[PDB]
Amino acid sequence: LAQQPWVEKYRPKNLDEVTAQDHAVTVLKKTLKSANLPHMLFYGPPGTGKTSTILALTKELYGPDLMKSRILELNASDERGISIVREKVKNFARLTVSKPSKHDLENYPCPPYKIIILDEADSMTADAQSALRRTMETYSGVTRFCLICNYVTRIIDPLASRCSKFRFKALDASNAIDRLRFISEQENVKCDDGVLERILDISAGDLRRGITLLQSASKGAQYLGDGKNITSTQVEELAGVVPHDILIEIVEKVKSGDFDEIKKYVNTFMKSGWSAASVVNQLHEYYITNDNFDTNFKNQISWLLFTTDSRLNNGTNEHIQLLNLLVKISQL
Amino acid sequence: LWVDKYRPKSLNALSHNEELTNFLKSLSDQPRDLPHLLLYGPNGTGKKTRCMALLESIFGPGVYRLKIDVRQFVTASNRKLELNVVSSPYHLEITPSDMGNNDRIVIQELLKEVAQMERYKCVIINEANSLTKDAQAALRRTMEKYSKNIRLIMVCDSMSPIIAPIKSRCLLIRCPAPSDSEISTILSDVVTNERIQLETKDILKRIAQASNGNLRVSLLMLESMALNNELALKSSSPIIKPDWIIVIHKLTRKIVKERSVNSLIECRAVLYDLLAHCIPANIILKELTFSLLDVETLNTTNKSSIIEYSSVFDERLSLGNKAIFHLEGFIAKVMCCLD
Amino acid sequence: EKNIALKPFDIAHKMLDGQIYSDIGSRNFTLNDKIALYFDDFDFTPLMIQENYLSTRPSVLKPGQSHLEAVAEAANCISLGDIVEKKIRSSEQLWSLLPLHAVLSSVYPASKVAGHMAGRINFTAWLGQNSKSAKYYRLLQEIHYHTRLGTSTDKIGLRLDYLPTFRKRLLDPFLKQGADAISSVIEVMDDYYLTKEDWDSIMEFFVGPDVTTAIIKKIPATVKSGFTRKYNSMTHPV
Amino acid sequence: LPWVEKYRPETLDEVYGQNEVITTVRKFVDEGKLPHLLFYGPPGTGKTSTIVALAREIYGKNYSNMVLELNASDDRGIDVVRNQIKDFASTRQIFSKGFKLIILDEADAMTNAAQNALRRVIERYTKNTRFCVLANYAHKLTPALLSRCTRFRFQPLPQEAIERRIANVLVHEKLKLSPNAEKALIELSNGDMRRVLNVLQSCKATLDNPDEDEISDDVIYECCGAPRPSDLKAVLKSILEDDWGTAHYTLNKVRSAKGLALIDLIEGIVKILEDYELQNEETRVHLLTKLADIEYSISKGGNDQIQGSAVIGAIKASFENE
Amino acid sequence: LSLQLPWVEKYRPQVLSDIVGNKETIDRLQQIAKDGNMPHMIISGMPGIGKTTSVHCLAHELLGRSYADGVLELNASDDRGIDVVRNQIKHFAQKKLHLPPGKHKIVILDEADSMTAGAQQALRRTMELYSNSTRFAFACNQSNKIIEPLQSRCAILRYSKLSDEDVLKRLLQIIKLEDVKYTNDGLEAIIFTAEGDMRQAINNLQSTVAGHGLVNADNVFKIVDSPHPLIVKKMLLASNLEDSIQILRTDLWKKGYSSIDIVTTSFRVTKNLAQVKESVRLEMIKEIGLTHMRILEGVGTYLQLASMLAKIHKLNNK
Ligand SMILES: Nc1nc2c(ncn2[C@@H]2O[C@H](COP(=O)(O)OP(=O)(O)O)[C@@H](O)[C@H]2O)c(=O)[nH]1
Ligand SMILES: Nc1ncnc2c1ncn2[C@@H]1O[C@H](COP(=O)(O)OP(=O)(O)O)[C@@H](O)[C@H]1O
Ligand SMILES: Nc1ncnc2c1ncn2[C@@H]1O[C@H](COP(=O)(O)OP(=O)(O)O)[C@@H](O)[C@H]1O
């Protein structure tokens with residue numbers, strides 16, 4: 001087949017192929033049984049199957065052929081704000097509804113409305129969501145909106161009231177690793193022990209990021225050409241994750257507490273090119289979930305890490321911020 | 001200059017980071033399926049050289065037939081903008097951060113023009129980490145749209161300012177700075193090519209250590225030292241440092257020696273002199289901080305206070321507008337903690 | 001009319017007076033009056049305060065507080081006021097933050113170091129330095145445009161790393177060889193598409209011990225005349 | 001039809017709360033006069049309700065031929081809606097009352113140029129048309145636009161009147177509402193009657209058996225998409241009592257499963273902590289300062305896990321002061 | 001009450017001697033009217049300081065009571081466009097009118113900052129074309145938005161925020177022109193709300209007179225949208241943090257007041273807290289401004305106000 005992202009390639013086709021989402025799948029099947037389809041609001045952890053399930057529902061509603069004409073997939077995270085997204089929605093709604101063929105009508109319901117899908121709707125501002133609600137109520141006759149978001153509480157009350165809400169449970173690690181293993185076996189990807197587990201850990205359970213990272217690792221293995229199994233260090237390099245050995249060395253340097261030793265180690269470390277934000281994230285993960293530190297140490301170090309992350313997010317010098325963070329922790 | 005005369009013009013001519021060279025050679029073996037690249041690492045390590053070497057491996061030596069042109073763009077309020085675009089018969093190089101916040105429209109217009117004019121043409125974006133978030137979103141949209149004819153090779157020093165959506169669509173490649181042995185080998189090759197007399201090879205090791213892994217800095221330092229010593233480097237030959245670094249070290253010694261308001265006024269004068277001659281404020285702050293931390297007379301408490309104030313005022317510089325306001329505050333805070 | 005130029009000096013002198021910061025002086029001259037003093041000329045008052053707040057002899061020092069600590073606090077507040085000013089000038093609707101900028105840039109920093117003016121109220125030097133920095137950045141941009149093909153660096157890298165070495169190839173040979181180094185200097189300039197104007201501009205970027213004004217002045221006029229004559233007598237790459 | 005339109009009162013007798021505004025408006029209706037009016041305040045106070053009540057009391061059966069309602073947020077912008085205003089002002093009828101009436105809603109959501117256009121239009125048609133401007137705040141408008149219309153500030157309705165209206169809606173719609181659901185709805189809508197009616201109508205639709213089922217507070221919170229107090233209380237209890245690992249796990253699990261943003265979680269936890277009886281005031285000072293800093297940092301982006309652990313540490317550290 | 005022209009224009013002055021704001025501007029305008037040589041002028045400043053009224057008075061002081069063609073006012077940000085406004089200006093300037101020697105026409109360019117560089121250059125060309133009979137006064141927001149070729153020929157008048165004394169002096173005119181029953185607290189409240197804004201002060205006075213007639217603080221702040229300064233003062237000066245938070249939550253946040261209004265009123269009240277040492281007032285103002293900046297960046301929550309109160313309480317109790 002032609003080159004295609006593995007995220008789009010391995011989306012479930014129909015509702016019956018969505019795993020670990022039986023509650024939302026059942027409610028959506030019941031809604032599909034009814035002729036009227038209300039506005040929908042898909043929320044849950046990222047990479048659980050929101051877009052996959054809405055696409056499967058659309059394909060069951062319209063059929064594989066008519067689906068492309070009745071769907072406007074938009075992402076609300078793009079800049080220029082309300083104007084572009086609302087103008088595109090208005091143009092799609094004012095566009096004449098495509099006439100289904102004889103085959104489409106006899107085999108699929110082909111309802112007379114066109115589904116509009118907004119991704120990352122929670123990132124919209126309050127004014128943007130109010131304008132979206134205005135647009136939804138203006139063209140409510142011929143368009144049904146589906147909002148995909150991670151947090152339902154970020155959606156304003158007037159907009160959330162108009163939409164039936166479907167909660168997607170976070171994927172069990174077993175289900176995610178089984179899906180990744182199936183994808184790897186289908187694509188003939190050689191992996192060592194714990195490579196898929198490492199991919200899931202790096203992606204924090206996000207199956208979308210896990211699939212993307214697996215595809216990148218497969219491409220890197222093809223580039224290497226040796227035919228050997230993909231290793232954990234390769235996926236760590238691809239994801240921009242500092243090796244655990246360097247993190248342990250940083251922890252030991254902090255524990256010793258010498259200012260000059262810490263400064264020298266940070267100077268050496270900044271030459272390797274590892275991202276400082278990744279170091280801060282991994283230090284947070286190591287220290288917070290460690291049973292060898294008491295409550296007061298974690299109370300202080302959480303604020304230290306928060307301050308360092310806030311300063312790093314402002315576009316500052318990584319070397320100075322990392323050195324300050326490591327020096328402050330060594331004094332705890 | 002020797003830094004430019006002996007720059008590797010091909011993937012075979014690279015001498016350090018062998019694994020990265022092998023990876024880049026494999027990428028050129030399949031030109032059709034070339035992914036978008038994001039190259040990150042310390043400054044002066046060979047990122048641009050490797051970009052050009054990969055381009056030469058794909059398209060041939062014609063990538064080095066570079067010509068420069070000025071493209072004129074217009075924005076909403078008829079503000080004519082000019083951007084310098086270095087072009088070849090095969091690729092383009094742009095630095096949209098030169099346009100400030102107007103980088104978004106420039107990127108959109110130029111990428112649309114290149115896509116319309118078109119197997120594909122590579123666009124190299126320098127200082128990708130300093131792009132605005134809106135510009136990065138526009139770059140992601142152009143990646144999604146014109147991926148058939150446009151392949152992006154972004155170069156940055158830190159990958160953190162890059163937005164997450166871009167990172168997923170690009171191949172992250174890490175360029176560690178060369179070790180001291182590799183820098184010494186490169187300098188040895190340069191001095192053998194230029195016929196420079198060396199009393200001992202330890203001179204090259206000292207130059208490598210003084211450069212702190214910056215290959216460009218080490219090469220330029222070697223050239224400067226050779227010219228000073230009549231093309232004959234001795235074991236007693238001093239390491240030559242740039243003028244601004246010498247000024248900053250003098251300022252550090254002045255701050256450590258005396259801590260008073262008059263000293264602060266004279267430090268203000270020195271900082272004005274440095275800023276007026278195209279020395280960036282962040283560079284001044286970093287050099288001043290790391291010169292202060294190297295003073296032997298200071299104790300642990302003083303150094304901790306210095307690094308904390310450096311972090312605070314680095315954030316304030318990034319969020320600020322007038323550079324001299326923050327550097328003076330940092331120096332004033334440092335003087336109080338030492339006294 | 002003609003006293004407009006003297007108005008920022010009067011405002012800076014009045015706001016740094018330590019009398020109006022004592023209890024009686026505060027009662028006679030309230031905080032509203034000080035913010036109004038800022039708003040008399042809001043373009044120059046923050047600059048004048050930042051310029052002149054090191055030249056005072058503080059009389060409002062707290063017990064156990066030195067002059068340097070008050071200066072550090074004033075500088076910290078001035079930095080915060082600069083951040084506020086940047087946020088104000090960004091967009092246009094943030095004019096409501098003008099009193100906050102007044103306090104953070106003019107009133108509060110003056111409160112810490114208020115006293116007797118030890119000398120004279122000097123006009124702000126930030127405007128001239130900003131113009132000088134802009135001019136030198138334009139010159140650096142032009143030089144980078146000329147030398148971009150031959151060098152692998154950005155503009156800042158060109159200033160920090162390349163230019164110190166260019167000095168040893170474009171100016172140092174004149175000191176040791178005289179007019180005999182004209183050919184080598186021209187050859188180096190040709191390799192980077194550097195004109196005589198670029199050669200003049202490059203020598204203006206050096207600071208500290210590397211200043212070239214006196215060194216260039218000490219070069220014999222015959223050497224410079226021969227250099228420019230030889231440059232004008234031959235064609236150059238463009 | 002939306003329940004907002006269905007239960008909009010047809011006469012001034014059914015309006016509550018704003019006794020002074022009702023009396024002043026009733027004087028205008030009794031005398032048959034209609035001057036320029038400016039109604040402003042929190043949403044859901046009954047501005048449009050009062051104006052339509054007075055218009056239907058004055059004009060009567062010919063309400064459609066006398067008035068026109070407009071929204072400043074419509075797709076037509078400002079020029080096209082001004083053209084519509086001109087077209088309505090140029091309407092000719094066989095018989096008509098003293099003046100026309102045009103309703104402009106959300107006037108404060110327009111640029112100063114649109115306010116200038118409205119200023120230049122208001123006195124243009126005074127001879128045969130009267131203008132009313134609706135907004136959330138009056139001082140937020142440009143001063144010259146403020147002076148063209150009579151000031152009438154609207155204040156949030158008392159809770160007793162809101163409860164009476166909710167009971168009336170319940171008995172009219174044959175809805176069964178738990179008292180806890182009533183308290184949750186009143187707290188969430190904080191006096192906005194439009195929010196109350198919209199949530200009540202939407203909750204009825206979600207009932208598989210609307211004729212016999214009862215709406216619980218869980219249904220209300222699901223419909224509004226708001227953090228449940230029970231979840232926030234559980235998170236706070238885990239933070240205060242359990243160790244760091246348990247608190248971190250509980251916070252992440254709850255706010256990922258229930259889909260609560262970290263900023264909304266912080267807001268809810270702050271609201272809950274206000275009722276706590278703390279012996280030391282430094283506890284409150286540290287809590288407020290640290291939580292505000294974290295909330296500000298969240299708006300700029302940053303690491304989400306780090307911010308969550310920062311919230312946990314800020315809450316734990318402050319309570320060390322007892 | 002019947003249909004009345006608003007007092008923002010009904011009782012506008014018609015002579016330069018009856019204007020109190022910007023005494024330097026008054027002196028210069030009187031001198032220019034006496035001399036008869038009208039120069040170019042920039043009168044940019046914050047809105048509501050009555051620059052349009054001042055130039056309107058200046059026109060009829062330079063000339064006689066002639067207004068039909070000698071005085072023109074227009075908005076540079078008009079919906080009709082820059083070209084239409086420029087054409088109207090050219091038509092007015094080229095329109096012949098009986099002018100006394102030296103008494104040139106005056107054109108007021110309200111909101112002149114909207115003019116681009118090319119539009120400003122075209123306006124300069126038009127001014128040079130009609131320099132023998134026309135002069136320009138620019139009523140824009142900012143002087144820095146006007147190009148140097150225009151500014152070099154203008155007599156720079158740096159209009160700034162009016163002081164409370166000027167506001168009181170100007171409002172005394174309306175006070176004596178209207179049958180006002182009032183108390184000192186009411187006038188103090190009216191001056192407090194405007195804060196140097198003449199148009200806002202006049203509008204608030206007219207609204208208070210229309211609504212209640214009597215001018216007392218309670219009715220004035222029942223008219224005004226801003227939170228009552230007494231409530232904010234009680235919130236700020238409370239010796240116990242829980243009392244401050246309780247006052248906030250009950251009287252300000254639950255009353256529908258926006259966070260912006262709350263921080264603005266807190267900033268205004270803290271400036272005038274004469275019973276508190278000025279250093280403490282400066283610290284409190286710094287905290288209030290920090291929370292104001294946080295609100296203007298889009299946070300604007302109740303937690304920010306609570307933290308502001310906590311920091312102010314920490315400062316007060318040391
Ligand atoms: N001999 C040699 N020189 C190198 C190599 N890599 C980089 N350099 C030198 O390093 C200098 C600066 O590298 P540059 O392209 O600016 O990398 P960047 O600034 O980090 O993107 C170039 O002038 C090269 O001469 C290498 O592999 N071999
Ligand atoms: N329940 C599921 N069953 C099978 N695959 C899934 C499921 N959820 C996610 N995926 C995988 O994740 C990828 C895309 O995830 P997506 O549904 O876009 O995440 P999100 O829920 O954030 O929209 C698809 O390739 C799909 O194979
Ligand atoms: N004081 C009140 N008395 C009775 N009903 C009210 C009152 N205020 C609001 N309502 C109800 O709220 C509904 C819509 O309120 P509305 O007037 O649209 O709010 P807004 O003032 O934002 O326009 C109306 O149907 C009305 O029945």
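In the text below, chain A, chain B and the rest are named by the order of the sequence lines, each starting its count at 1. Below, each value reflects all heavy atoms present in this structure, side chains not excepted, and no hydrogens, waters or symmetry copies.
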Using only atom types and a distance under 3.5 Å, with no angle test, would you say the side chain of [X] pairs donor to acceptor with the backbone of [Y]?
| X | Y | value |
| --- | --- | --- |
| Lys298(A) | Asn290(A) | yes |
| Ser168(B) | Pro165(B) | yes |
| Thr291(E) | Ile288(E) | yes |
| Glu318(A) | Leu312(A) | no |
| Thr26(A) | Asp22(A) | yes |
| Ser256(A) | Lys253(A) | yes |
| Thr246(D) | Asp243(D) | no |
| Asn313(A) | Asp309(A) | no |
| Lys165(A) | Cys223(D) | yes |
| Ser318(D) | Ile315(D) | no |

Flag the pair [X] / [Y] as yes when at least one side-chain heavy-atom distance between them is below 4.5 Å, and no otherwise.
| X | Y | value |
| --- | --- | --- |
| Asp314(B) | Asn314(A) | no |
| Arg311(A) | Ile320(A) | no |
| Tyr151(A) | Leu262(D) | no |
| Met235(E) | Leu252(E) | yes |
| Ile298(D) | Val299(E) | no |
| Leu238(A) | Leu213(A) | yes |
| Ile250(A) | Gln282(A) | no |
| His248(D) | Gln305(D) | yes |

What's the spacing between [X] [atom1] and [Y] [atom2] if we round to 0.5 Å?
| X | Y | atom1 | atom2 | result |
| --- | --- | --- | --- | --- |
| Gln21(A) | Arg167(A) | CD | CZ | 9.5 Å |
| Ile199(A) | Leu207(A) | CD1 | CG | 10.5 Å |
| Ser330(A) | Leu332(A) | OG | CG | 8.5 Å |
| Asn316(E) | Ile312(E) | CG | CD1 | 8.0 Å |
| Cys163(A) | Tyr43(A) | SG | OH | 12.5 Å |
| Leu278(D) | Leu273(D) | CG | CG | 7.5 Å |

Parallel, tilted or perpendicular: which fits the ring planes of [X] and [Y], with parallel below 30° and perpendicular above 60°?
| X | Y | answer |
| --- | --- | --- |
| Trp253(E) | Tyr302(E) | tilted |
| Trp303(A) | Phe306(A) | tilted |
| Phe297(A) | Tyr287(A) | tilted |
| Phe42(A) | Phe168(A) | tilted |

Verdict with supporting geometry, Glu222(D) and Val152(A), side chain to side chain contact (heavy atoms under 4.5 Å, CB included): CA-CA 9 Å; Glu222(D) 187 75 8; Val152(A) 71; over 6 Å; no
Between [X] and [Y], which heavy-atom pair has the shortest distance, and what is it?
| X | Y | value |
| --- | --- | --- |
| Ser202(D) | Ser161(A) | OG-O, 2.9 Å |
| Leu200(A) | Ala173(A) | CD1-O, 4.1 Å |
| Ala239(A) | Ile202(A) | CB-CG2, 3.6 Å |
| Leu241(E) | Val285(D) | CD2-CG2, 3.7 Å |
| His313(E) | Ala238(E) | ND1-O, 4.2 Å |
| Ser311(B) | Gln321(A) | OG-OE1, 2.7 Å |

More than 12 heavy atoms from other groups under 6.0 Å of [atom1] on [X]:
| X | atom1 | value |
| --- | --- | --- |
| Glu287(E) | CD | yes |
| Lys167(B) | NZ | yes |
| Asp193(A) | CG | no |
| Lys233(D) | NZ | no |
| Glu285(A) | CD | no |

_Pair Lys271(D) + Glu187(D): basic N to acidic O under 4.0 Å_ =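 The answer is yes: the pair qualifies as a salt bridge.
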**Q.** NZ/NE/NH1/NH2 to OD/OE distance under 4.0 Å, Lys300(D) and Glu297(E)
**A.** yes
Side chains of [X] and [Y]: is there a donor and an acceptor less than 3.5 Å apart?
| X | Y | result |
| --- | --- | --- |
| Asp242(D) | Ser238(D) | yes |
| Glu295(D) | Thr301(E) | yes |
| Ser309(D) | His284(A) | yes |
| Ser160(B) | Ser275(A) | yes |
| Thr250(E) | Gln246(E) | yes |
| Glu281(D) | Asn321(D) | no |
| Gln307(D) | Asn303(D) | no |

For side chain to side chain contact (heavy atoms under 4.5 Å, CB included), just list the numbers for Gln331(A) and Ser304(B), CA-CA rounded to whole Å, side-chain angles, deciding distance to a tenth of an Å, and then say yes or no. CA-CA 10 Å; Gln331(A) 289 168 355; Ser304(B) 306; 2.9 Å; yes
Would you sort out whether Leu305(A) and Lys328(A) count as a side chain to side chain contact (heavy atoms under 4.5 Å, CB included), showing the intermediate values? CA-CA 10 Å; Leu305(A) 290 156; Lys328(A) 281 199 168 294; over 6 Å; no
Could you check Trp244(D) against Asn299(A) for side chain to side chain contact (heavy atoms under 4.5 Å, CB included), going step by step and ending with a plain yes or no? CA-CA 9 Å; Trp244(D) 249 96; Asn299(A) 289 347; 2.8 Å; yes
